[PDB]
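What follows is a single chain, given as structure tokens, in the form deposited in one PDB entry.
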């Protein structure tokens, strides 16, 4: 475009993956990028706020093994790399495609059953309801015209997703966090998310939690005004971003979902299977081969985002 954010947004939208174009983008998984990488600082977690039993029940590594980062100049911003136990990302992806999208919740659409159809479309050699799915709301449903939440329009918040969110929130120092409203977003390789501020509600003290699965994205985090040059960072599969306080007023964008380097394929962390024998006390359940096959085929050219907040 013209201004600093616009220039960087367009740069990354059009960049060539694999080349020196992405040398300035922060990769939190890899701990010499110039401005970007010098801003990276450790963000101290409240390790004792999440018991090993609770981490294991959510399908998470023990919090003592998590690495959390902040960025100098962006107070209230926390970036976790993938903390998920091997295999467990598949549970969340399955729940987002199969269960959470169903009509007890609201979705952009609202066989002929979505999951049964995609089961059959995979078998029928070479536009499905799953391919058309763009967003789903859970918990207190957001009204897109009303621009707010209401006690009349709600569904019980998925207890597995709520518990996961609250463990993450607790590790970040928000031990009283209540998962009450969620938006699930479904992106394609061509998907872009424009520069915006998440709309202002009086209290900004509670964290927004953002989970990503599937293909990697480039996220731009800017300033209070649109003109300030953003910092660029990767969001890889399993990574979690937490924004509270000051950071919730910042301009941000996702200019690019990056393809798998081989065109179509899955990130390395999704190669591990969900374990055969899960615990009895787990919030997670087994994933069937048939269900998995639909998830894998979908994720090869997609990114799923879950955004969780407290509204009351």
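Rigid core here is just the name for the largest C-alpha set that superposes within 1.5 Å across the two forms. Numbering follows the first chain given and starts at 1.
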| item | value |
| --- | --- |
| Gap size, residue 111 back to residue 110 (deposited sequence, no coordinates) | 4 to 9 |
| Chain break class for residue 31 to residue 32, judged by how many deposited residues have no coordinates | 4 to 9 |
| Mean Cα B-factor comparison, 297-305 or 16-24, giving the higher one as deposited | 16-24 |
| Stretch with the higher entry mean CA B-factor, where the candidates are 46-54 and 252-260 | 46-54 |
| Criterion, highest CA B-factor; candidates, 239, 201, 180, 176 | 201 |
| Residue, from 166, 152, 190, 160, that the PDB entry assigns the highest Cα B-factor | 152 |
| Residue 82 - which third its CA temperature factor falls in, relative to the rest of the chain | lowest |
| Residue 59, C-alpha B-factor rank within chain (lowest, middle or highest third) | lowest |
| Entry-reported Cα temperature factor of residue 265, expressed as the chain third it lands in | middle |
| Third of the chain, ranked by Cα B-factor, where residue 243 sits | middle |
| Chain-wide C-alpha B factor ranking for residue 278, given as lowest, middle or highest third | highest |
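What comes next is about the form deposited with a small molecule bound, which does not appear here.
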| item | value |
| --- | --- |
| Residue stretch of 154-162, 171-179, 77-85, 193-201 approaching the small molecule in the deposited bound form, non-hydrogen atom distance within 4.5 Å | 193-201 |
| In the deposited bound form, the one of 242, 221, 235, 133 near the small molecule [non-hydrogen atom within 4.5 angstroms] | 235 |
| In the deposited bound form, residue 129 touching the small molecule (heavy atom, 4.5 Å) | no |
| Touches the small molecule in the deposited bound form: residue 305 (any heavy atom, 4.5 Å) | yes |
| Close approach of residue 109 to the small molecule in the deposited bound form, 4.5 Å, heavy atom | no |
| 4.5 Å heavy atom contact, residue 270 to the small molecule in the deposited bound form | no |
| Is_shifted residue 103 between the shown form and the other one (CA, 2 Å cut-off, rigid core) | no |
| C-alpha of residue 176 off by 2 Å or more between the shown form and the other one on rigid core | no |
| Residue 72 C-alpha moves between the shown form and the other one by 2 Å or more, core aligned | no |
